[PDB]
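Chains as they are written, first to last, in the entry's author numbering: chain Y, 3 to 39, 73 to 120, 131 to 202, 211 to 243, 262 to 338, 340 to 473; chain Z, 3 to 52, 70 to 121, 129 to 202, 209 to 244, 262 to 425, 440 to 467; chain a, 474 to 529, 573 to 804, 814 to 869; chain b, 381 to 681, 687 to 723, 736 to 785.
A virtual CB, placed ideally from N, CA and C, is assigned to each residue, including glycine.
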């Protein structure tokens, strides 16, 4: 089925520009939307006119026109009709609810069979994070739960308040949320949006370049989310490619994809809940992959109550990329989320006991009570998810004792 | 049949000039009246190695002279000569004989009454050139001065001089000053009494569409309504047949039109299926319509070469469920497969939707409220009372339309 | 099978597969263009588990088949025996694909449907839901592992050899002229060659020698007989590797697929029951007693436990069967046994 | 033909000594060359000078009702001639009607306006003009007329008859609308306020019933025109002639053989259209007509056919029109009056009751419900059932 991309905020718009440039390069679509000389299926991400032009399905949302202007000028094939221009931002989103609801309904009507909503946004984006938090609520309300949502939220490197307020709605409404940290991205680079764009583009490779299996997003996601509570994913990318000293075999890709240094978020000891590895090359040797799967299963520490299966998808490289060597992406579901969530909660508590900057949000007695109850609910939800991820680790998870 | 166009008032003349230039462009008739040779048909395939003949009906509007010169069937009525001078200069094809030259509605109405014989002679002269006349088209503004009074008097004169044996449309433009509400109600009284089908255009909603001039949109809608007549197809091809499909009773005669703006921007509609869904949007209707509206009749125009039947069928099926039909009217959506003029180089589709919904309750309510506020020889006050009662006579009727 | 109109599936398949855009006269059609319109998908009375038993209602998926008539002479190489072995694989793969599509949709509801995602359940129902979600996750992972083995470890891996061989043969023939010249001498042997009579003694040598040694597929396929034989061997490999050739493997596979399908149906019927348990949503759904609620939960306890233990039994038997068959005959099944054992 | 005779006699009798003195390979090659040349010239005539596609398009334009303006002109001009019995109509009146309708409509600029000709088929006493008039497109001046056997033309006149009835009713409803709308302004709105309200209500009821009937007829015509006639034309004529008839023999690329030579010569054109035999042309046009006449809705297959139900609804509409004329006369007699008032009011109530209850509620809604339920049993007609 078709997918709709939502871009919110300055960071979201920049990441989306890189993402769409990568996708258009992979499908050979020119900057003006004209084709270049089919077995691939860009229709899932591009709308095809009866004049042979490809335009992205994405929707651009931002508080200021400079970022949107840069993005549109860089890629002229964006449709201008889809362009629209913390608590203050969220209340502003309430005012524009009708316009945005109709704007999204236009894209849904334009496609034939909708599958999922992609969202590119930054949790630490301030006002834009507020408008994206409202976007999740309105979409989930109007379209129910038949269509799932995927959020490629960028985590932060007064900010604690914003991170908690955005994470409350991220937990409530998102169906499968990727976690990216600028710290680990710049550590890997030792710009940064080119890693997120690459990971997001590769995550959907089996859909755009069909093969024997994994033809739908339901199959890709369902392998990684045993419970709707544990919805945060850790993504790992192998950087050593296109150099002379590349990984010599896909088997070494499978073994060295699990290194903790390549993960896109700060990690000690972790337990894996689910696994799925992407291998993308013109030709793939099966016996190497079998040996690598066996070693990966014998090496990785799974939680007791999970089936303990490692899945390797055999992605196909784009014809428009000339004979490049193998590359691969790893997406995992770990219990390492407790560390980052604990860090966020510690910062939030430290800055909530001290009334440092709450004057910018508490306007009156009723506003004080409103913000206090909202903050308490967000804190309780985050603690609930931490406790759930902690109870997953132990062996008595399925016991009623 | 034949159609006679009458333009009254400055706004009416401004709209009519572009309406006639649009028609002349579609039919390949130059501004001097000279005709252009007809290009070969596109779907009339022919074997291949590897002048007066036509298949349209332009003469339904233009009088074809013995010297192969076309001339519109238009009559221009107003008092200020500047607009008429501009219109004639832009289009020399207009017949000078057809031009007639001379704020309070009463003054204009009395002027029309005193000089009714000359205008009537002009109408009869235009009719005499027509064999098997079909209908009259009126372009006038409900409020604005000359247009209101003169158009109302011409409405009455035409209605009673021919025994109402031919239907009479009305492309009225509603206003977006102390005298304006009086003029609006006074003209709407005669619109109720005499007009057979009224196309309500609201200037504020036209400005809302534009910012995404205002007369160009009116000209486009008016010149696209009659597309089946000028390019005959399987269905309709008669002005009475189109109107009769949207007017269930004489009272529910007020129609409103929706326009798809993006006929030229390179991000135009992908296909017919997309445009069928986009036409129902309330942001491009020419009359402000709320969410409590209900539709009495549906009619969609499609203008393009070799439209895909699968897309149209699927679009009709999807759009039928979305539309909220009045309980006592069967769910029916009709699509007109118009033919694009071969003279036009643009290959993009255009589509105009004409609807008969119940949103008129709010519009006439606003007009009535403004009139009531402003009210707070004696003959004129009696006419005001009569107009108030006549307007209420269809206010309550459109309200009752909701009920089985 | 009988509770649905057969003629509708044909049309709903042709809209997907054999859609067309025409081309002008003189423009050559592609071979894919020619073979698209040939194919026909029809429902047959012979179910998969019955038709495969011969060459040792149920839901319609068990009985939907696909046939492709072929032009002359292409049908001589794609002999009917080869197409029949292809059709069996089509039926098996459609069964597994359908179950995977039933495992994804049920996973969408189990996680995000309002009734399941409701927070206002009591602790007991919460733990019951958690157990059910974990069990369904195990079933999903098992099915994806089985499908991965069948499709990548059996079909693609074997097909690589044929693809390489056929490419080599195409390149070999591209440079080869059509028609070969044969020359001969005057053959003056006459009486030195007639050897008239009953016969010579050379007949014993012809029988003594053997010609069972042919390998290395040098310079690609050189005889049409080998061309047909390669594909027949490929189809036989596909059937043998898949768990359809032995009786133990086929029986275990049939039990496993039946159990998974019935579990999905039971999951669907569960959605109705959960409405009555919690109150916050029962009032909303009823718009259109403690003892009774306790009875409902007690019934669900035993039903869910039965499904859980049945899954364990089927898994144990299936692994044992694969292990014995892989150790005896098939190399491909042995590594699958190792992988599944390392899973659970 | 003479040039061809000389050319190929110079091969049979000069290059060789007859068919007997020819090896089988050369004889087959000669016959193949003759076949290609002959069919090339047959195309260059039939689809060339004769313009087969243009005349088939005109057949579809006129017989299948496409130029609705011309037929509206005929019906408005002949609204009095067709009223009398089929025996009374003479040739001169038909010619006058046809010429007036040609001048009024847009066919006067049509290229082949001369070929048009009207006729009456069966001048029976019991048949009115509407039940016998048929428009005939003369193609006798071309050799193409010998390919098109009379059976095809008879099936072209049957389908025209059905479509003619439908459009006759569609236009009668327009005249009904105009006359009642004019009467509303002339009588009802000027009547005394005491009895204006009941008459206004009755008139509104009548006009709403007319609107319902018009919607039904328009949907039926739209379905036929843009799903049966147009789809069949584009699928069986345009796609057979101009697009490639891809076949299993066209699949084989013979250029794997060296085949450096080409025959008969570069002088023989390639013609952008499939080379069809005479029997192939006859079969092509026969199948194109048969598909339309024997469509799903128009086939003869409640143990009743769809055509019978449609015709029953059409008879309902005819009865409605005939009774509405009586209502027209009674209300205009009510207008003229302003003890007779009570009698006229009673008759008005009786007529309104008859039309509202019997014709609409008792007959039309019941028949339409049965027809809608019948259509849902068919996959093809389910979509039409939802609208119609």
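Quiz item: Can you tell me whether DSSP reads residue 347 of chain Z as helix, strand or coil?
Solution: strand
Self-check item: Boundaries (first-last residue) of the alpha helix (DSSP H) holding residue 424 of chain b
Solution: Neither: residue 424 of chain b is in no alpha helix (DSSP H) and is coded neither H nor E.
Exercise. For residue 650 of chain a, go through chain Y and note every residue whose CB falls closer than 9 Å to its CB, in chain order.
Key: 297, 298, 377, 378, 469 and 470
Practice problem: Find the residues of chain a that neighbour residue 653 of chain b, judging by a C-beta separation of less than 7 Å, and give them in chain order. | Solution: 498
Quiz item: How is residue 466 of chain Y classed by DSSP in three states: helix, strand or coil?
Solution: In the structure shown, residue 466 of chain Y falls within a coil segment according to DSSP collapsed to helix, strand and coil.
Exercise. Just tell me which of Z:43, Z:8, Z:239 and Z:411 has its CA closest to the CA of residue 339 of chain Z.
Key: Z:411
Quiz item: Mind pulling the chain Z residues with CB within less than 7 Å of residue 357 of chain Y?
Solution: Going along chain Z, no residue has its Cβ under 7 Å from residue 357 of chain Y, so there is no contact; the nearest lies around 43 Å.
Quiz prompt | is_contact[residue 328 of chain Z, chain Y] using C-beta, thresh 9 Å | solution = no
Quiz prompt | Inter-stretch contact (C-beta, 8 Å, three-pair minimum) for the segment 575–587 of chain a and the segment 730–737 of chain a | solution = no
Self-check item: chain b contact for residue 506 of chain a (CB, 9 Å cutoff)
Solution: Chain b contact via Cβ: present.
Quiz item: Exposed or buried, which one is residue 476 of chain a when buried takes at least 16 other CB atoms within 10 Å?
Solution: exposed
Quiz item: Interface residues of chain Y around residue 486 of chain a at Cβ under 7 Å?
Solution: Within chain Y, no residue comes near residue 486 of chain a; the closest Cβ sits about 17 Å away, beyond 7 Å.
Practice problem: Assign residue 663 of chain a to one of two classes, buried (16 or more other C-beta atoms within 10 Å of its C-beta) or exposed (fewer than that). | Solution: buried
Quiz item: Does DSSP put residue 100 of chain Y in a helix, in a strand, or in coil?
Solution: helix
Self-check item: Residues near residue 454 of chain b in its chain [Cβ-Cβ closer than 6 Å; skip 5 each side]
Solution: 481
Quiz prompt | Cβ pair count under 8 Å reaching 3, the segment 306–320 of chain Y against the segment 174–193 of chain Y | solution = No, the segment 306–320 of chain Y is not in contact with the segment 174–193 of chain Y.
Practice problem: Give the single residue among b:554, b:676 and b:545 whose Cα lies nearest to the Cα of residue 290 of chain Z. | Solution: b:554
Exercise. Give the secondary structure of residue 32 of chain Y by DSSP, where H, G and I count as helix, E and B as strand, and everything else as coil.
Key: coil
Quiz item: Taking the C-alpha atoms as reference points, what is the distance between residue 360 of chain Y and residue 344 of chain Y?
Solution: 23 Å
Self-check item: Against chain Z: residues of the segment 96–117 of chain Y by CB proximity under 8 Å
Solution: 114, 115 and 116
Self-check item: alpha helix (DSSP H) segment containing residue 291 of chain Y, residue limits
Solution: 288–293
Quiz prompt | Three-state secondary structure assigned by DSSP to residue 401 of chain Y | solution = strand
Practice problem: Using a cut-off of 7 Å between C-beta atoms, extract the partners of residue 381 of chain Y located in chain a. | Solution: Near residue 381 of chain Y (Cβ distances below 7 Å), the residues of chain a are 657, 661 and 868.
Exercise. Alpha carbon to alpha carbon, how far is residue 785 of chain b from residue 381 of chain Z? Give it in angstroms, no decimals.
Key: Distance between the alpha carbons of residue 381 of chain Z and residue 785 of chain b: 8 Å.
Quiz prompt | Exposure label - residue 472 of chain b; buried when at least 16 CB within 10 Å | solution = exposed
Quiz item: Does the beta carbon of residue 515 of chain a come closer than 9 Å to any beta carbon on chain b?
Solution: no
Practice problem: State the Cα-Cα distance for the pair residue 862 of chain a and residue 674 of chain a, rounded to the nearest angstrom. | Solution: 19 Å
Quiz item: With distances taken between CB atoms, is the gap from residue 292 of chain Z to residue 173 of chain Z smaller than 9 Å?
Solution: no
Self-check item: Backbone secondary structure at residue 148 of chain Z - three-state DSSP
Solution: Residue 148 of chain Z falls in the helix class under three-state DSSP.
Exercise. Would you give the residue range spanned by the beta strand (DSSP E) that residue 333 of chain Z belongs to?
Key: Residue 333 of chain Z -> no beta strand (DSSP E), and no H or E assigned at all.
Self-check item: Closest residue to residue 238 of chain Y among Y:100, Y:468 and Y:305 (Cα-Cα distance)
Solution: Y:305
Exercise. Measure the CB-CB distance between residue 365 of chain Y and residue 325 of chain Y and report whether it falls below 9 Å.
Key: A contact, by the Cβ cut-off of 9 Å.
Quiz prompt | Reference residue 199 of chain Z; option with closest CA among Z:354, Z:148 and Z:220 | solution = Z:220
Quiz item: Name the chain b residues that come within less than 9 Å of residue 446 of chain Z, Cβ to Cβ?
Solution: Residues of chain b passing the Cβ test: none, with the nearest at roughly 16 Å.
Quiz item: Is the beta carbon of residue 139 of chain Z less than 9 Å from the beta carbon of residue 112 of chain Z?
Solution: no
Practice problem: Kindly give me the distance between the Cβ atoms of residue 349 of chain Z and residue 384 of chain Z, rounded to whole angstroms, as I take these residues to be in contact under 8 Å. | Solution: 5 Å
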